[PDB]
Amino acid sequence: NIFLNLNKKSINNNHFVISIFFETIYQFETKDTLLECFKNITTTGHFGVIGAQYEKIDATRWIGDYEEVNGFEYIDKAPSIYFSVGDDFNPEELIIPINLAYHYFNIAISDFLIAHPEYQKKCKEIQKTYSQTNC
Amino acid sequence: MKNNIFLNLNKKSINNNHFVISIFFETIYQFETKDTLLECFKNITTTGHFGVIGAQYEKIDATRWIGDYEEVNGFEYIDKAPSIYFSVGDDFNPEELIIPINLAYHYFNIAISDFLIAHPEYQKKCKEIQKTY
Ligand SMILES: [Br-]
Ligand SMILES: [Br-]
Ligand SMILES: [Br-]
Ligand SMILES: [Br-]
Ligand SMILES: [Br-]
Ligand SMILES: [Br-]
Ligand SMILES: [Br-]
Ligand SMILES: [Br-]
Ligand SMILES: [Br-]
Ligand SMILES: [Br-]
Ligand SMILES: [Br-]
Ligand SMILES: [Br-]
């Protein structure tokens, strides 16, 4: 597993959905797709493949179908984001604050560029966007 | 959510770069009942397999086809020692790990300790299972 620092932090935070999200996209999708996954959090706020997705939560719209998800309580407190992995019918779900999501994404893209130095320039550009966007 | 109980397991699995083991236990503890987790602990030394949505293990039968394990981290253990397969996520695209059964017992011994420490009502059942490891 190349996600050494991501896994350590996410597992220690009981956010195993994040661990699964990155590993399964990395192993199955192309590296170009993974780069888009890293980027979309700053732009559209959503990304989805078979068995893995995230979506920033629009708190001006209905949140009733998040009530049973781990992390539901974050929505009322701060801008939050929904992650899921696995089957569409029985997904493994997690909600976390967007700030924490950016923390994870910055760690994950670091793991990736460290393991795949050919992607140094592109990953640093995306990290720059994280720093611009996220206080 | 349910707070993480796998304090000692997580230290060891992370140290060993066996993240799937911690994901496996965190998944079962979060999504399933404590009685189900107990059966997870028990089955490794009885039937040799256990599965829920998002987490499973199966002892590897090295007398049967192992071609589908070829790309899994830990595949090389199969020819060296009795081994066991773990996966987390969904079978469309699961996150997979193979380790020797002796190491799996080592992890389960730590995990079941975390469990009984957090949930002392299960003291006796856990101690009995631990003896088998
Ligand atoms: Br940590
Ligand atoms: Br999680
Ligand atoms: Br690729
Ligand atoms: Br998308
Ligand atoms: Br970095
Ligand atoms: Br640690
Ligand atoms: Br792993
Ligand atoms: Br329970
Ligand atoms: Br073959
Ligand atoms: Br291997
Ligand atoms: Br082998
Ligand atoms: Br103990």
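Below, read A as the first sequence line, B as the second, and so on, with proteins coming before strands; counting in each chain starts at 1.
Annotation for A/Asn14 and B/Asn3: closest pair ND2-C, 4.0 Å, computed over non-hydrogen atoms. Heavy atoms only, all atoms of each residue included: B/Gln30 and A/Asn70 are closest at CG-ND2, 3.3 Å.
No side-chain heavy atom of B/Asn93 sits under 4.5 Å from any side-chain heavy atom of A/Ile50. Annotation: side chain of B/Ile14 is in contact with side chain of A/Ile11 (closest heavy-atom distance under 4.5 Å). Contact of the A/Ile20 side chain with the B/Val88 side chain is registered, since non-hydrogen atoms from C-beta on lie closer than 4.5 Å. Counting heavy atoms from C-beta on, the side chains of B/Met1 and A/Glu73 never come closer than 4.5 Å.
Cluster annotation: A/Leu35 is connected to A/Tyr130 through the hydrophobic network of ILVMFWY side chains, with a link wherever side-chain heavy atoms come within less than 4.5 Å. The same ILVMFWY cluster, assembled from side-chain heavy atoms under 4.5 Å apart, contains both A/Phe47 and A/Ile109. Hydrophobic clustering (side-chain heavy atoms under 4.5 Å, transitive across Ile, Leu, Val, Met, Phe, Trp, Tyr) groups B/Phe108 together with B/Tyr105.
Atom CD of A/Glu118 has more than 12 heavy atoms from other residues, nucleotides or ligands within 6.0 Å. Residue-environment remark: NZ (B/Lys2) exceeds the threshold of 12 foreign heavy atoms within 6.0 Å. Counting non-hydrogen atoms of other residues, nucleotides and ligands closer than 6.0 Å to NZ of B/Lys59 gives a total above 12. The environment of A/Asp76 atom CG is sparse: at most 12 non-hydrogen atoms of other residues, nucleotides or ligands sit within 6.0 angstrom.
For the atom pair A/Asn1 CG and B/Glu95 CD, the distance stands at 6.0 Å (nearest 0.5 Å). Note that CD of B/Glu26 is 9.0 Å distant from CG of A/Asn13, once rounded to the nearest 0.5 Å.
Across B/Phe6, B/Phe31, B/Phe25, a single residue satisfies ring-ring contact (aromatic ring centres under 6.0 Å, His included) together with A/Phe16, and that is B/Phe31.
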